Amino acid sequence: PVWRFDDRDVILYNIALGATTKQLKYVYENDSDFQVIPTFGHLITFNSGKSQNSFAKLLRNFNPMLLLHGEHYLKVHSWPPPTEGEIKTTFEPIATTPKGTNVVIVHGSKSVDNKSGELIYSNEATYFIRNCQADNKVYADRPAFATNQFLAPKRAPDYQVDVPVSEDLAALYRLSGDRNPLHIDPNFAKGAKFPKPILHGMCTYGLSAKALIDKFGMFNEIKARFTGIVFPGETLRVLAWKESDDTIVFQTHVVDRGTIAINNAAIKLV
């Protein structure tokens, strides 16, 4: 499963996460510090054309409409990550945990440089699937950062920033690979008992990641739990605590409805 990407993918993605023309490092391929926002590494999901669904063989009675992306963990192993090239992704289940009539699956991936074999990204996605059966198995150990609950300490946030979400952001963001109609088609969305189309959880995650970098600098590890929906046109509020020399704990709040979109989350600074 090979994915060839270039500066156009990088810039399209960076802009979707709020990169501006003031930040030429994000939007301009000839800038001396031209760079990709590291959450870009998850996009192998949409460019590893069939292989991505390899966890399904371990499931029974699997209905895709009943699947939820509950957690995501990403690591960058080669700093800084590349802004162009060719990467090969290997997918492997990490764990399956039967829970009543449902299953929690942890699905792992590793993306390497296709012309040297150098490890670039790794991802661990946690999926929650209703009305599904599976074996109770553990295929691999997980990094501490991936399973850390990252509870916000009982003090004031060291940082707070508001991030308006364009009413049209999902329309742009989906060009990075995820075409799910839930994020764009009102008929589909309302048909699915949503008030209107929702923003991609990974876009919320990225937006959060970008905002945190503007303040705290770059990170090579990120983990978060998805706890609530976000609508385009709404405003996100990122609350952040500096919890070690290494580690920024955060939450992403939705101002307009007084909910929480991202919780149990942190980044590890380079």
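The first residue of the sequence shown is number 1, and the count goes up from there.
Novice: So which stretch wins on mean C-alpha B-factor, 218-226 or 50-58?
Specialist: Result of the comparison: 50-58.
Novice: Would you tell me which stretch averages the higher CA B-factor in the PDB entry, 180-188 or 157-165?
Specialist: According to the PDB entry, the answer is 157-165.
Novice: Say you rank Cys132, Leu175, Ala125, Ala146 by Cα B-factor from the PDB entry; which sits at the top?
Specialist: Each of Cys132, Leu175, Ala125, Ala146 was compared by C-alpha B-factor; the highest is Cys132.
Novice: Using the temperature factors in the entry, find which of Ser109, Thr96, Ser78, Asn102 has the highest value at its Cα atom.
Specialist: Max CA B-factor in the entry, restricted to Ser109, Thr96, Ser78, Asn102: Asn102.
Novice: C-alpha B factor of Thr235, ranked within the chain: lowest, middle or highest third?
Specialist: Tercile = lowest for this residue's CA B-factor.
Novice: Among the modelled residues of this chain, does the Cα B factor of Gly117 put it in the lowest, middle or highest third?
Specialist: Middle third of the chain for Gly117's C-alpha B-factor.
Novice: Sorting the chain's modelled residues by C-alpha B-factor, tell me whether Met202 ends up in the lowest, middle or highest third.
Specialist: As the PDB entry reports it, the C-alpha B-factor of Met202 lands in the middle third of its chain.
Novice: Where does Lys22 sit by CA temperature factor within its chain: lowest, middle or highest third?
Specialist: Highest third, going by the recorded CA B-factors of the chain.
Novice: Please place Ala170 in the lowest, middle or highest third of its chain by C-alpha B factor as given in the entry.
Specialist: Ranked within chain, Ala170 CA B lands in the middle tercile.
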